[PDB]
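All remarks here apply to the structure that follows.
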Amino acid sequence: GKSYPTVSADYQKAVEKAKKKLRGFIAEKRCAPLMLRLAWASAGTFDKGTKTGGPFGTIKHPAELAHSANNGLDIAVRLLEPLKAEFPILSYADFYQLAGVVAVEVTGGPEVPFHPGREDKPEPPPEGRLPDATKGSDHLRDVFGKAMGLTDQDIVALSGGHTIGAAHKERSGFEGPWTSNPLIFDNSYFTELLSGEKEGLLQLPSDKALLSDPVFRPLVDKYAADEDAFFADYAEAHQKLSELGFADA
Ligand code: HEM
Ligand SMILES: N=NC(=O)c1ccncc1
Ligand SMILES: N=NC(=O)c1ccncc1
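Numbering of the sequence shown is given in PDB author numbering, commencing with residue 2 and proceeding in unit increments.
The structure is reproduced here in structure tokens:
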């Protein structure tokens, strides 16, 4: 359903150069997870019915950073500002999504296709669209399905993003990494989810909800057994997420 906009040769040169610079920066700074979170929080506010929110640069706005779900993302925005300044031609919208794509790549994840052309929109969406970590399958479908317009498969695959990073008690209140290798992008999230609670490792109620849902569970099983399958489905889902409301959604 996508019709991507034309951008100038200079714009595409900048995308390519920014991609390289983001790789070096994100790797050096060890901030891939935070950058993936930033891209996800930018995109996850999309409401299909109204065509509001989504990956349009609004996360840099103090008002959106102030959303409780976005605690700590001001760090991400600040970290990227010097780099972004080297690429004045790029939208913040594109830049943040590019950072998310690079975050997955540099941690060993699939190469998520990237298309430029998102415009920076003036108004952040209303607070409260990002999912609540204490809720379950019904809530996930409301947020990802009814609002964003993503599939059940996309929900499980994208939850796999927690294969990198950690929660922080000063941000969400939850604490610690989901995996033994929080800077490595692999299918370990699903492996850990299946094996039960292991000390030192996090499972949110929202993660656990995948285990009991009739549709989500076989996908968890699939991804734990087949990392290639996870990578394919993850790449598809991340692309869709990064393009919500963009070039038709
Ligand atoms: C399925 C619904 C989701 C819920 C309920 C959820 C909830 C959370 C919470 C509570 C945190 C911890 C924030 C903190 O304390 O630092 C977190 C972190 C994170 N989330 Fe999710 N999230 C969801 C989906 C996603 C998606 C779709 C992605 C990307 C594909 C993602 C990527 C991340 C990453 C990489 C971190 C770690 C950030 C860091 O290490 O600083 N999450 N999430
Ligand atoms: N969570 N904070 C970070 O990712 C970070 C912040 C500043 N410098 C390096 C990394
Ligand atoms: N309180 N909610 C959160 O911290 C959060 C929710 C969804 N994704 C990342 C972070």
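The beta-carbon is built from N, C-alpha and C at its ideal position, and this holds for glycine as well.
Through-space distance from residue j to residue i, alpha-carbon basis
{"i": "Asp214", "j": "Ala86", "result": "45 Å"}
{"i": "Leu84", "j": "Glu120", "result": "19 Å"}
{"i": "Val107", "j": "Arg24", "result": "6 Å"}
{"i": "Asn71", "j": "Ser43", "result": "10 Å"}
{"i": "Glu176", "j": "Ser9", "result": "44 Å"}
{"i": "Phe115", "j": "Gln240", "result": "7 Å"}
{"i": "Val16", "j": "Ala233", "result": "23 Å"}
{"i": "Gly161", "j": "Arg172", "result": "20 Å"}
{"i": "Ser189", "j": "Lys30", "result": "23 Å"}
{"i": "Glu228", "j": "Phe247", "result": "29 Å"}
{"i": "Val113", "j": "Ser138", "result": "26 Å"}
{"i": "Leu194", "j": "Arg218", "result": "11 Å"}
{"i": "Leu141", "j": "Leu212", "result": "13 Å"}
{"i": "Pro123", "j": "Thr59", "result": "7 Å"}
{"i": "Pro183", "j": "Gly110", "result": "12 Å"}
{"i": "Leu99", "j": "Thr152", "result": "23 Å"}
{"i": "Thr7", "j": "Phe145", "result": "28 Å"}
{"i": "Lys52", "j": "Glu200", "result": "42 Å"}
{"i": "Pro206", "j": "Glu198", "result": "12 Å"}
{"i": "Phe186", "j": "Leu37", "result": "11 Å"}
{"i": "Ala134", "j": "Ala210", "result": "10 Å"}
{"i": "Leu35", "j": "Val105", "result": "11 Å"}
{"i": "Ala230", "j": "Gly55", "result": "27 Å"}
{"i": "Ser92", "j": "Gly118", "result": "8 Å"}
{"i": "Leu202", "j": "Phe191", "result": "13 Å"}
{"i": "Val103", "j": "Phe88", "result": "16 Å"}
{"i": "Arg79", "j": "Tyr224", "result": "34 Å"}
{"i": "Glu82", "j": "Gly73", "result": "15 Å"}
{"i": "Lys14", "j": "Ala33", "result": "23 Å"}
{"i": "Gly2", "j": "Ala94", "result": "20 Å"}
{"i": "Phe26", "j": "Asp222", "result": "35 Å"}
{"i": "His68", "j": "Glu128", "result": "6 Å"}
Residue range of the alpha helix (DSSP H) that includes residue i
{"i": "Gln204", "result": "Element bounds for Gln204: n/a, residue is neither H nor E."}
{"i": "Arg218", "result": "217–226"}
{"i": "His140", "result": "138–141"}
{"i": "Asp155", "result": "153–160"}
{"i": "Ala94", "result": "93–107"}
{"i": "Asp75", "result": "74–86"}
{"i": "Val8", "result": "Note, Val8: premise wrong, no alpha helix (DSSP H); not H, not E."}
{"i": "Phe191", "result": "189–196"}
{"i": "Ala64", "result": "63–66"}
Residues that residue i bridges to, as DSSP identifies them
{"i": "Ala167", "result": "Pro178"}
{"i": "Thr53", "result": "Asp48"}
Cβ-based burial, residue i [other Cβ within 10 Å; buried from 16]
{"i": "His163", "result": "buried"}
{"i": "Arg130", "result": "buried"}
{"i": "residue 1", "result": "Lying outside 2 to 250, the shown extent of the chain, residue 1 is not represented and no answer is given."}
{"i": "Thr180", "result": "buried"}
{"i": "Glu244", "result": "buried"}
{"i": "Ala226", "result": "exposed"}
{"i": "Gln204", "result": "buried"}
{"i": "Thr46", "result": "buried"}
{"i": "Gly166", "result": "buried"}
{"i": "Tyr5", "result": "exposed"}
{"i": "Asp249", "result": "exposed"}
{"i": "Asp11", "result": "exposed"}
Integer Cβ distance of residue i from residue j, believed to fall under 8 Å
{"i": "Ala238", "j": "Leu159", "result": "5 Å"}
{"i": "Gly101", "j": "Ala168", "result": "Actually they do not touch by this definition, with Cβ atoms about 18 Å apart."}
{"i": "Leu220", "j": "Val157", "result": "4 Å"}
{"i": "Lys20", "j": "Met149", "result": "Incorrect: roughly 25 Å between the Cβ atoms, too far for contact."}
{"i": "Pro125", "j": "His62", "result": "5 Å"}
beta-carbon residue i near ligand 5 non-hydrogen atom, thresh 7 Å
{"i": "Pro132", "result": "Absent from the structure shown: ligand 5. Ligands present: ligand 1, ligand 2 and ligand 3."}
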